[PDB]
Amino acid sequence: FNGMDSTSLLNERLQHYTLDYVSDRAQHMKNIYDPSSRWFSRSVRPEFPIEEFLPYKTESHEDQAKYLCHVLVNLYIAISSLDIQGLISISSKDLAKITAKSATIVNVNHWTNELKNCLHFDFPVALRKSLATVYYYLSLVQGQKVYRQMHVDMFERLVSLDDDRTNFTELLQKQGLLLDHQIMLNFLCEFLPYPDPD
């Protein structure tokens with residue numbers, strides 16, 4: 001529990017994550033490359049769909065969606081609980097690497113590495129906009145020794161200029177991704193001289 005998706009919540013969370021894909025593989029792969037679609041994920045088709053050359057059933061697009069939904073509520077709880085330097089391990093309580101299972105590990109650094117492993121598959125540019133928004137403001141966190149290098153590299157991967165010839169910067173510009181330049185400018189201004197050296 002504690003954020004597990006094993007109820008009717010999973011439907012509404014998939015709908016919120018635009019992960020309520022069409023159940024036909026054929027129609028889904030078509031509406032994955034069509035900008036008029038809710039589930040638009042890429043502008044350019046991979047000419048070699050390397051998963052379709054394997055001699056066994058790879059997992060369903062619905063399984064890849066259901067996995068990403070768990071990674072995202074766990075990443076939300078991890079960041080929204082403010083503990084970005086993940087020192088404080090939690091447990092079962094009195095208050096009243098790549099398998100998703102009943103153990104819940106409230107560390108931002110775990111779930112960003114889960115999401116790095118989900119980047120090998122499609123998700124709609126609407127969910128890519130939410131994720132580019134999250135990793136931008138997360139990478140500017142202060143107070144504690146966060147693993148900043150991998151939060152910058154996650155944003156760099158989310159906004160990529162060349163990913164199977166898709167430019168996600170211009171797809172996110174056409175989606176209306178907007179970022180506050182003042183937070184970035186203020187943090188870069190902390191390297192200007194300050195009038196007390198203490």
Side-chain angles (χ1 to χ4, degrees), residues 1-6 9-21 28 32 38-43 46 50-51 58-90 97-141 144-164 166-169 171-172 175 177-179 183:
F1 301 93
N2 198 252
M4 178 177 287
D5 314 56
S6 195
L9 300 180
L10 182 56
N11 293 311
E12 299 189 37
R13 292 171 177 203
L14 286 167
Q15 179 164 14
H16 182 62
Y17 289 135
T18 184
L19 299 191
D20 184 1
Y21 298 149
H28 174 255
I32 275 281
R38 176 173 166 86
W39 308 279
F40 171 63
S41 171
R42 258 182 176 78
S43 58
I50 192 171
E51 75 190 45
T58 288
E59 66 293 330
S60 180
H61 64 287
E62 294 164 309
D63 300 325
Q64 292 183 347
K66 197 184 311 299
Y67 192 78
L68 185 60
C69 185
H70 282 78
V71 174
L72 294 176
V73 299
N74 287 295
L75 184 65
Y76 171 71
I77 294 166
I79 301 165
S80 188
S81 191
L82 320 177
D83 185 52
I84 317 303
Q85 170 158 26
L87 285 170
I88 300 107
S89 187
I90 296 307
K97 279 69 56 169
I98 327 182
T99 301
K101 66 182 190 298
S102 305
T104 56
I105 303 158
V106 196
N107 184 358
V108 175
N109 304 276
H110 180 235
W111 301 108
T112 193
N113 203 279
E114 292 272 30
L115 196 66
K116 177 186 176 184
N117 286 290
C118 301
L119 290 180
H120 84 269
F121 63 73
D122 289 287
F123 47 97
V125 180
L127 191 60
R128 205 173 200 104
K129 173 171 174 281
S130 299
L131 287 172
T133 308
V134 160
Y135 280 88
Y136 180 74
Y137 293 114
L138 183 68
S139 179
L140 301 181
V141 168
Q144 48 190 259
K145 293 209 173 194
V146 308
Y147 192 2
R148 203 183 304 278
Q149 184 165 1
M150 79 151 165
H151 297 157
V152 174
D153 292 352
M154 188 77 206
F155 181 83
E156 179 182 301
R157 288 170 178 271
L158 288 160
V159 310
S160 186
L161 304 179
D162 181 20
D163 192 28
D164 307 310
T166 300
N167 181 331
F168 283 113
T169 283
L171 294 188
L172 291 170
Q175 201 75 28
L177 176 63
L178 294 175
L179 301 178
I183 304 196

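Position 1 is the first residue of the sequence, and the numbers go up from there. These values consider heavy atoms only, across backbone and side chains, with no hydrogens, waters or symmetry-generated copies.
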Next item on the list: Report the C-alpha separation of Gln144 and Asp83 in whole Å, then their side-chain angles, then the decisive distance to 0.1 Å, and conclude whether the side chain to side chain contact (heavy atoms under 4.5 Å, CB included) test is met.
Entry: CA-CA 9 Å; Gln144 48 190 259; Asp83 185 52; 4.3 Å; yes
Margin query: Apply side chain to side chain contact (heavy atoms under 4.5 Å, CB included) to residues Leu138 and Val146 and explain how you reach the verdict.
Written below: CA-CA 9 Å; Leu138 183 68; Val146 308; over 6 Å; no
Margin query: Please evaluate residues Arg13 and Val73 with respect to the criterion side chain to side chain contact (heavy atoms under 4.5 Å, CB included), reporting the C-alpha separation (whole Å), side-chain torsions for both, the decisive distance (0.1 Å), and the verdict.
Written below: CA-CA 9 Å; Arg13 292 171 177 203; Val73 299; 3.8 Å; yes
Margin query: Under the criterion side chain to side chain contact (heavy atoms under 4.5 Å, CB included), I'd like the reasoning laid out for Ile98 against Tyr67: C-alpha separation, chi angles, the key distance, then a yes or no.
Written below: CA-CA 10 Å; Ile98 327 182; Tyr67 192 78; 3.7 Å; yes
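In this structure the side chain of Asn113 never reaches within 4.5 angstrom of the side chain of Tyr147, judged on heavy atoms. Inter-residue side-chain proximity for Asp20 and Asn11 is flagged as unmet; no heavy-atom pair is nearer than 4.5 Å. Within the 4.5 Å cutoff, the side chain of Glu62 has no heavy atoms near those of the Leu14 side chain. Residues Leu115 and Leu72 are in side-chain contact: their nearest non-hydrogen atoms beyond the backbone lie under 4.5 Å apart.
Remark: side-chain polar atoms of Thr169 are paired, donor with acceptor, to backbone N or O of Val159 under 3.5 angstrom. For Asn107 (side chain) and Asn109 (main-chain N/O), a donor-acceptor pair under 3.5 Å exists by modelled atom type. Formation of a donor-acceptor pair under 3.5 Å by the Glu114 side chain with backbone atoms of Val71 is not found in this model. The closest donor-acceptor contact from the side chain of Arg128 to the backbone of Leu158 lies under 3.5 Å. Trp111 places no side-chain N or O within donor-acceptor distance of the main-chain N or O of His70, the cut-off being under 3.5 Å. Judged by distance alone, the side chain of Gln85 and the main-chain N or O of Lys145 form a donor-acceptor pair under 3.5 Å. Judged by distance alone, with hydrogens and angles left aside, the side-chain atoms of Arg38 form no donor-acceptor pair with the main-chain N or O of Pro124 at under 3.5 Å. Although no hydrogens or angles enter the test, the distance criterion places no donor-acceptor pair under 3.5 Å between the side chain of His151 and the main chain of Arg148.
Minimum interatomic distance between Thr112 and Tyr135 (heavy atoms only, all atoms of both residues): OG1-OH, 2.9 Å. Across all their heavy atoms, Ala65 and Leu19 have their closest contact at O-CD1, 3.3 Å. Residues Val152 and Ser139 approach most closely at CG2-OG, 3.0 Å, considering heavy atoms. Closest non-hydrogen pair, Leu68 versus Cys118, comes out as CD1-CB, 3.9 Å. Here the closest heavy-atom approach between residue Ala132 and residue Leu177 is recorded as CB-CD2, 3.7 Å. Minimum interatomic distance between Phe123 and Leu131 (heavy atoms only, all atoms of both residues): CE1-CD1, 4.0 Å.
For the atom pair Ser160 OG and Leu172 CG, the distance stands at 10.5 Å (nearest 0.5 Å). For the atom pair CD1 of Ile77 and CG of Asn2, the computed distance is 6.0 Å after rounding to the nearest 0.5 Å. Note that OG1 of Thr18 is 7.0 Å distant from CH2 of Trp39, once rounded to the nearest 0.5 Å. Atom-to-atom distance recorded for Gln64:CD and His120:NE2 is 5.5 Å, nearest 0.5 angstrom. Distance check, rounded to the nearest 0.5 Å: NZ of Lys101 to CE of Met4 gives 10.5 Å. In this structure, CZ on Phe40 lies 8.0 Å from CD on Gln175, to the nearest 0.5 angstrom.
For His16, the NE2 atom sits in a loose shell: 12 or fewer heavy atoms of surrounding residues, nucleotides or ligands are nearer than 6.0 Å. Heavy-atom neighbours of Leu178 CG from other residues, nucleotides or ligands within 6.0 Å: at or below the threshold of 12.
Classified by interplanar angle (parallel below 30°, tilted 30° to 60°, perpendicular above 60°), the ring pair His28/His61 is parallel.
A salt bridge links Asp122 and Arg42; the closest N-O separation between the charged side-chain nitrogens and carboxylate oxygens is under 4.0 Å.
Side-chain contact of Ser130 with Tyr17: a donor-acceptor pair under 3.5 Å is absent, judged by distance alone.
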